[PDB]
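Taking it in order: structure first as structure tokens, then the write-up.
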Amino acid sequence: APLX
Amino acid sequence: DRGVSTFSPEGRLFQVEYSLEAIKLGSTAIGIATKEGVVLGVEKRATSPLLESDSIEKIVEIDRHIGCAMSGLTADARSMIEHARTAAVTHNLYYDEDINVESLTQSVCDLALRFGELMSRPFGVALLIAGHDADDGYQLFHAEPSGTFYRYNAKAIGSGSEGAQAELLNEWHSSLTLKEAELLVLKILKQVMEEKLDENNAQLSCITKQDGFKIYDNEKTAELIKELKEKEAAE
Amino acid sequence: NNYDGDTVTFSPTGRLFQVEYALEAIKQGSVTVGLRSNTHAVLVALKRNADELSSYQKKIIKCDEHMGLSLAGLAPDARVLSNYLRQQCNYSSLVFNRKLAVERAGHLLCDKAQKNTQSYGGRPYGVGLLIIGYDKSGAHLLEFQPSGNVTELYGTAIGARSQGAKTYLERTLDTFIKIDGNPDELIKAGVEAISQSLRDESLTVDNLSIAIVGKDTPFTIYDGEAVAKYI
Amino acid sequence: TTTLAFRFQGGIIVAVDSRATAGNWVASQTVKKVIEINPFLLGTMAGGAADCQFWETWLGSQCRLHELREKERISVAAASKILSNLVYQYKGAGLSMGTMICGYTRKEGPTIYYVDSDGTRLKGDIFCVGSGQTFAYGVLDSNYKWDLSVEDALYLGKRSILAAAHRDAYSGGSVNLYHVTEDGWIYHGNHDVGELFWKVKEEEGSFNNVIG
Amino acid sequence: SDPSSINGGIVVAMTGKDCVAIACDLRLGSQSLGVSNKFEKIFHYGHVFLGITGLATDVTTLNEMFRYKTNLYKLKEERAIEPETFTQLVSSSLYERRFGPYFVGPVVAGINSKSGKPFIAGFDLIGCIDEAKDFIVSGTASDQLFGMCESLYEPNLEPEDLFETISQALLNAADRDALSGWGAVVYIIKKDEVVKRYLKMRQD
Amino acid sequence: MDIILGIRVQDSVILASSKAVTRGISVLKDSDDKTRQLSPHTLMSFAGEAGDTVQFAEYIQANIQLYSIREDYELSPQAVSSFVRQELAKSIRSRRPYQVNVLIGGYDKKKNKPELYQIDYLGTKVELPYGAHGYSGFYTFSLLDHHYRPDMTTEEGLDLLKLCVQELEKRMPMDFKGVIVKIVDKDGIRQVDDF
Amino acid sequence: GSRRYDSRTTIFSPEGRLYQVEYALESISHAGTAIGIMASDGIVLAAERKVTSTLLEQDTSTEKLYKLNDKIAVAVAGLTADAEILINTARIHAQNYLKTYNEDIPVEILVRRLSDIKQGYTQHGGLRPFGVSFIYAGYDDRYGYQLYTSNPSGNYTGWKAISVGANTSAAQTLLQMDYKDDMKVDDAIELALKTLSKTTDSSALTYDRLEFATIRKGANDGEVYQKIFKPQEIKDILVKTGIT
Amino acid sequence: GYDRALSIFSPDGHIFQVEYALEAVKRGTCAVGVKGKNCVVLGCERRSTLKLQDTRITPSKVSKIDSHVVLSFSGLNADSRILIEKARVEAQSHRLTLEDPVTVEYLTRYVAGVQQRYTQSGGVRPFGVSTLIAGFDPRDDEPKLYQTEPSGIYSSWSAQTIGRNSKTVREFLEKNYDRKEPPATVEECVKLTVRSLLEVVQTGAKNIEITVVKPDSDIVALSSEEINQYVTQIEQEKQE
Amino acid sequence: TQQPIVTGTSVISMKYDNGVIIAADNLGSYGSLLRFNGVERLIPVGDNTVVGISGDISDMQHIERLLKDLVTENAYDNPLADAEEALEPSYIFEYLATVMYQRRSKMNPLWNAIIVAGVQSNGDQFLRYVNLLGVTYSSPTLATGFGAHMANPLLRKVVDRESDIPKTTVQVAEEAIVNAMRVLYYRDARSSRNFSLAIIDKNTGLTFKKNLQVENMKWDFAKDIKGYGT
Amino acid sequence: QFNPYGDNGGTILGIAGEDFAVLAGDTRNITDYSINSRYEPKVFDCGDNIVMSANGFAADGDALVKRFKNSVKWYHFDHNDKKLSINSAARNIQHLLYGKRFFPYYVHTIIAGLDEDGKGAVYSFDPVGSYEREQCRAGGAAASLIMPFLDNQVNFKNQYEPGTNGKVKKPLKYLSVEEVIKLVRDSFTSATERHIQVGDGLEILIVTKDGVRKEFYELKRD
Ligand SMILES: [Mg+2]
Ligand SMILES: [Mg+2]
């Protein structure tokens with residue numbers, strides 16, 4: 001899952 | 001004694017029928033639905049002149065597009081409003097949209113029969129739920145402690161309800177403007193109220209698509225009261 | 001008299017008065033009719049209003065694509081029972097990939113109503129239901145009573161003055177059962193059936209409620225201008 | 001991520017990048033890392049994309065319920081504390097959030113709160129949050145004065161994100177600008193780094209490390 | 001991160017002729033760092049004395065717990081608890097936390113007011129009673145205390161002589177342990193008088 | 001978090017607490033006040049795990065304030081310290097313990113005496129003339145062992161405290177951005193603004 | 001169902017009274033009188049045992065006066081069994097406070113909590129209330145010597161001198177007559193015994209039908225001592241004041 | 001758990017248990033609240049059938065909920081302690097989460113909500129208590145006075161009284177209180193409050209309690225002599 | 001969290017023009033020990049479905065009991081239990097698939113790979129797979145374990161896509177299945193020579209064949225193989 | 001130790017036009033180096049003109065689609081047969097995914113349809129519920145191969161107007177359904193060439209105001  | 005969830009021989013729930021008598025003792029609340037908006041008005045009915053009338057809160061916001069008026073044991077309405085607000089906001093969280101007025105009303109009415117031997121007794125308060133949504137437009141609902149709700153073009157609840165309802169039967173038509181509806185609520189409230197109607201002992205509100213739910217100021221209502229008296233004298 | 005305080009008490013003649021009082025709430029309710037052929041099943045319901053300013057209380061509820069019912073009595077109790085049916089129909093689809101048989105639907109409602117007639121604190125359901133559906137064994141019509149008794153029928157009616165429609169359908173039995181592959185005619189027969197229960201009032205456009213399910217027809221409800229065809 | 005917000009003479013500037021990454025894979029260049037809670041409240045997102053997005057929109061619902069119940073817009077302090085108390089309940093479960101709650105109220109004035117997933121809650125004038133926070137700090141701190149004009153403050157916030165977008169591999173995409181005043185927040189556009197970098201390089205004369 | 005040796009400390013008890021002695025050091029530290037030189041490890045409930053070594057938070061907690069329980073005992077029983085009975089109460093209370101124990105090494109000492117008999121006892125962290133005619137030892141210098149007591153001790157010592165023996169046992173044991181020392185206290189207990197003496201010892 | 005110190009002198013208790021809040025390779029704040037007033041004559045400083053510290057401090061504050069309103073009376077510093085110790089002693093065997101170390105500086109109005117209590121996250125309480133938590137103690141304790149006297153004034157205590165901060169600023173690896181100093185005496189709690 | 005047999009112990013009368021609380025107070029009015037008198041240098045607790053039999057073991061007996069902790073005691077009027085339930089709860093509560101704060105519990109805090117327990121039985125649970133009235137006598141360093149009373153309603157009040165149980169009306173009038181603020185313990189002892197002697201339903205007041213206790217600072221320097229009187233000590237104090 | 005529905009509707013639409021709880025309030029000692037231009041004063045009756053009382057330790061009639069809000073009551077004394085405790089806990093909880101003390105309206109709304117809950121919960125009877133809640137909102141100088149009752153309804157009052165003979169003192173306040181000009185000072189407000197109680201009380205000795213609340217957590221209780229001076233002054237003006 | 005103890009190897013299957021065929025050997029292995037030889041791993045449900053199970057045998061027996069109970073429960077208050085409301089292969093599968101996925105979600109799986117073969121009421125062939133993870137899929141040919149690696153390639157030469165199904169007879173289909181079982185006996189170290197085979201046809205119904213043996217094997221060339229090189 | 005997750009391979013792709021939207025996905029299903037099925041669809045019509053695909057671990061994918069389809073059904077029951085808008089569906093799916101934040105659905109989810117103004121819409125999700133509306137998204141095993149091609153051909157990234165000195169960008173414009181299907185087919189044939197888990201068949205679901213249409217194309221089977 002992506003992070004920012 | 002006897003069970004709380006007991007049926008009478010006529011096929012009605014004793015406690016629900018008795019709570020309806022409590023609502024008849026309550027202060028008058030009137031709602032009128034138009035194509036320009038829905039108007040909600042209530043009798044405040046202060047028990048004493050020392051009581052600061054602006055603290056009497058019988059018209060209440062549920063969401064921006066839904067408002068609510070009450071009559072009966074008004075303390076019972078607090079948890080109903082709390083549930084309504086949570087239901088409205090929760091639906092916006094889950095679906096990124098406004099919740100339909102009918103769906104809100106149905107959610108509030110689900111609480112009604114959750115009593116027995118759940119809470120110990122039915123609610124002793126009736127609610128007028130007014131709002132707008134994109135599908136069915138401007139709507140007015142009467143929510144009872146029986147768990148039943150009817151949509152209305154116009155409706156009165158409380159002590160002066162049966163007299164006010166008969167008046168609403170004659171006056172309502174499908175082309176009423178918002179201004180016409182405002183005056184009509186004031187007119188009918190003044191007829192059924194005990195004390196003389198003014199800006200301090202009566203309160204108006206409305207819900208429109210554009211501006212949402214708004215409770216009127218005492219200054220704004222006072223001018224509508226003055227506009228009403230002048231028009232009745234003018235013929 | 002002394003034996004009607006709760007549902008857990010039998011009378012000396014073996015009657016359950018609370019269940020009988022619940023049955024009485026159905027008799028006060030507005031009339032609704034059910035009938036079927038071999039291809040379709042139809043519900044017709046007379047809706048009731050509070051006054052001329054109010055809406056007409058909706059009588060018919062959809063349970064699945066192939067099943068639904070009409071109500072007479074306490075509407076909130078119909079909402080509870082219909083919701084249970086929606087869940088049971090749904091459980092059957094998700095777990096078994098199987099449309100719930102209308103007969104099992106009846107058995108499940110019976111058992112749910114029964115539990116409320118044998119325990120202290122609770123009360124019987126105060127509503128009667130007419131369940132229609134189309135499943136693997138064709139069209140079906142059921143009658144639910146809150147005593148727990150569920151009955152499969154060709155046609156029936158419940159509510160106030162339901163005896164008129166029930167007599168009519170008993171006469172018309174041989175005719176309407178063979179209305180196969182013709183929805184509009186089966187509805188006409190149902191609309192004529194409910195007309196035998198009318199007094200001083202007639203069927204108007206915002207008064208009549210019709211529902212139909214069948215071989216190549218999902219459960220759908222008709223209100224408003226869509227029922228003007230049948231008046 | 002690189003996000004910042006700083007307080008100054010003319011209110012609050014809020015600036016964020018728009019990149020999302022899954023390891024070295026650039027997942028998105030168009031992520032909205034500012035959430036508009038109400039006309040006077042903003043929230044910034046850094047860390048777990050779902051964690052931030054889910055709980056900050058949830059925060060918005062809690063703020064709406066406050067103003068319905070209390071007939072008054074929620075304070076920045078109370079709004080930030082709802083979020084910090086929420087994440088504290090989940091402490092140890094593995095939530096990843098670096099957020100900034102920025103807004104104006106009458107009693108508080110312009111206010112910024114830093115809130116993160118290990119329960120830290122700090123009031124302050126300047127914060128930079130995310131994998132590129134240090135790069136933003138470097139430019140922001142060395143050019144910050146309280147007496148910056150609205151025009152200069154907007155540019156500095158924009159320029160600080162650009163600095164981080166350039167140097168931090170996990171920052172980039174575009175810059176989203178916001179200005180918070182006594183009258184509420186004002187959006188100052190989406191600025192693609194693709195064009196913004198060269199425009200800034202030419203006009204400012206900076207970024208001499210890069211082949212022109 | 002061994003709970004029984006974070007804070008340090010020692011307790012020792014001995015019997016004599018119609019008397020008992022119980023002694024402890026005063027150190028409380030955090031591993032290498034000495035923090036407090038006033039941390040007494042001996043408490044009393046009526047005429048029954050309890051010394052506790054180990055994790056200091058549990059030492060404090062258990063003192064408060066046994067004060068609690070002996071106070072309720074006295075109210076209901078209308079008499080002071082005796083050493084033999086208190087020993088059983090300590091054992092029950094520790095075993096109640098079998099799989100989440102207090103990290104302690106308690107030592108009971110006292111004279112039974114009815115029989116006049118000197119009594120001492122020791123426990124492990126989970127309640128096992130260790131009764132002894134001669135001496136009980138506990139703490140981070142327990143090996144050292146065992147060695148000192150076993151060699152120095154003789155039966156039926158007079159109160160004044162018993163003081164010298166127990167003091168020398170503690171002092172010389174403490175000086176061979178990094179986590180024990182920083183002062184010491186000795187209790188001499190006779191049938192109806194109790195003397196408390198602070199010892200001069202090296203402060204490193 | 002990191003540096004919290006305490007000194008009890010003749011007539012007052014002085015608490016000094018570092019201003020830095022660091023996360024990763026960034027000092028996020030240099031003006032953080034690591035203390036809460038529990039009652040008019042009782043102050044608590046704190047250091048430890050992020051989030052836990054403030055959450056614990058404010059929880060204790062709420063409980064003492066609740067007690068004050070209920071009884072219309074101020075708990076003694078000894079009573080407050082025992083309450084705090086028990087909460088930490090409970091916490092250490094919880095599913096997720098509070099990793100917070102505290103100093104409690106109070107002035108007992110009934111005894112007319114200052115009191116300083118050092119309590120770690122395990123619930124280890126001691127009353128001390130001077131105290132410290134974390135790596136600070138490894139420098140300050142020996143320093144105070146040498147220079148401290150029990151009959152010192154508040155001013156002498158502040159000079160003694162300056163000597164500690166100077167030593168820490170010389171030998172400590174991290175920049176803790178100075179300290180906020182607060183005094184607890186018969187007249188209550190006040191902050192020294194120029195340190 | 002079981003609704004049929006429910007007495008509804010926690011409801012209001014049409015007049016706004018709690019039936020069960022009122023009837024519990026009626027029960028207490030037949031119990032042996034207990035008197036508390038607060039002096040400047042101590043407190044006296046005096047109580048009359050309920051009609052005694054000559055074969056009752058008098059010395060190893062406890063009916064009226066109970067010790068809650070070293071600084072607080074109570075005189076009981078009502079059902080003894082009910083009182084012991086409450087006394088054990090109060091004893092535990094005192095120890096909880098001491099464990100938490102390392103200080104002896106202030107008298108009012110103990111009284112309030114015990115009174116709150118009584119209140120609960122009148123508002124919820126459907127159980128009968130405790131048929132007990134207490135006189136609390138105790139000392140703490142905030143208010144010094146204190147007398148309180150609580151009753152089945154869970155309502156408590158503070159007093160200089162007070163009686164519970166039988167003949168409180170007559171007893172209170174007599175206390176109100178002879179009590180003054182600068183009174184000493186030894187005078188209060190005499191007042192307590194004189195009042196019981198006049199209000200008693202018995203023929204004559206004797207040592208075997210009494211329980212007696214004092215709470216003085218008459219120990220050695222700034223500390224409080226509880227003296228539960230022995231039979232012979234009550235016999236002597238009864239002679240010393242000239243009642244027998 | 002005990003489940004019985006004790007509060008239920010009767011054929012005429014009344015909840016008798018709630019109405020009988022109001023009778024308990026009517027039995028209680030009189031309490032009065034009067035708000036001035038810059039203050040609120042809470043006056044309370046204390047019955048004099050109780051001599052030999054210890055007034056140092058006896059529970060006071062007016063209770064501090066927080067440093068800026070107070071609560072007085074009429075009715076069952078034991079019942080009031082439960083409401084006061086809950087209110088005090090909520091006051092601290094509000095400060096903890098909102099980082100701001102409660103408004104008087106919010107605190108009143110909470111207490112009223114508790115009372116309402118006990119009117120439709122199984123196994124419980126309503127509180128036999130009506131409260132007067134007075135104080136000042138944080139950073140606000142506008143006086144606030146609210147009233148609650150067993151049913152759960154609450155409202156704001158310029159001046160109000162509850163308890164026994166409250167209808168007599170309400171009559172007094174209705175003609176003696178001008179909305180256009182409230183008591184301009186502390187002295188004027190206390191005097192009007194003492195006057196109103198003197199219509200009902202008996203002697204102005206140790207029968208009247210007065211508590212004055214001013215803005216920014218400024219609450220103080222008057223002593224006997226201070227109150228007695230108002231009693232002495234009012235009686236001398238009366239003989240005219 | 002489990003580990004399989006007594007285990008069954010491959011289950012293989014395919015569709016043909018009028019129905020489906022499924023097969024599995026009669027072995028219950030205990031690690032490398034070929035412990036039990038009379039194990040039936042094909043379980044019929046009614047006259048229209050056969051469930052073939054590989055993996056843990058204790059869990060297989062549990063699933064047997066569940067299917068057995070499902071037949072009993074379906075018959076309750078059901079006059080059409082042997083007609084329109086009889087258990088379909090699709091119902092049986094979805095039930096098992098639900099159970100398998102629920103058990104994996106509770107981190108306590110039924111350690112099995114399952115193939116449900118049958119014919120629907122409208123005549124359509126049913127063939128679908130489900131395993132311990134709750135993973136489901138359908139194909140003209142399906143196989144578990146080693147069968148997936150060795151049987152599928154052979155069975156796909158007969159029915160490579162949907163359009164090949166009408167062109168494939170029961171004779172050709174059974175021949176391919178029997179051949180695949182021989183290949184598995186050559187190459188799978190936890191296979192036996194004895195196996196069961198089931199045919200569910202839309203016309204002739206359920207035919208259950210027990211005690212089949214692998215035969216016509218090629219071993220003679222082994223005599224010519226000497227040493228490992230030189 | 002039991003591992004509750006698996007990887008069923010395959011890849012999916014969503015593109016939005018002016019008055020339409022497509023959601024494509026290959027029909028291959030795999031575990032490790034074996035093919036389970038050459039035709040196992042994973043793009044589904046969920047009603048209300050919403051198409052959905054949850055690619056990754058197929059068991060989780062099927063469970064999610066199943067739950068969302070059910071969510072649509074109950075949305076009708078509870079809100080008077082109201083049409084579930086694509087934005088409302090997206091938010092609902094976020095809560096479905098985040099509800100299992102600490103035991104996630106191992107899938108990349110994409111939905112497609114029309115917004116309330118009749119314009120094409122594509123929404124994409126991460127495994128735990130983070131979502132975003134886009135013109136363009138590829139998901140699954142070959143997402144890293146296809147997505148940059150889509151950036152170039154749908155959003156005209158890195159393409160400048162010839163002769164403008166790299167100053168004027170190629171202007172954005174909507175693509176016709178014919179042009180979009182060309183890009184989908186080329187995207188999948190390219191992905192089939194270079195990714196082992198992609199092949200067998202391609203199924204495209206096209207969504208307009210008239211409904212949902214299907215198109216199928218063969219892909220290489222090696
Ligand atoms: Mg040593
Ligand atoms: Mg050393």
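To find a chain, count down the sequence lines: A is the first, B the second, and so on, and within it residues start at 1. These numbers come from the heavy atoms of this one structure, side chains and all, not from hydrogens, waters or symmetry mates. For ligands, and for the atoms within them, numbers begin at 1 and follow the listed sequence.
A ring-centre distance under 6.0 Å is not found for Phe86(E) and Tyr73(E).
Around the Mg ion (ligand 1), the protein N, O or S atoms found under 2.8 Å comprise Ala174(E) O, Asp177(E) O, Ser180(E) O.
Not counting sequence neighbours, the partners of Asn112(E) by the side chain to side chain contact (heavy atoms under 4.5 Å, CB included) test are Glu82(E), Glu84(E), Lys114(E), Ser115(E). For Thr153(F), the side-chain hydrogen bond (donor to acceptor under 3.5 Å, both in side chains) partners are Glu156(F), not counting sequence neighbours. Every residue two or more places apart in sequence or in another chain was checked for a side-chain hydrogen bond (donor to acceptor under 3.5 Å, both in side chains) with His44(E), and none qualifies.
Using a cut-off of 4.0 Å between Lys/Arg side-chain N and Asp/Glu carboxylate O, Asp204(E) and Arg202(E) are scored as salt-bridged.
Using cut-offs of 30° and 60° for the angle between ring planes, the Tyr59(F) and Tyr98(F) rings count as parallel.
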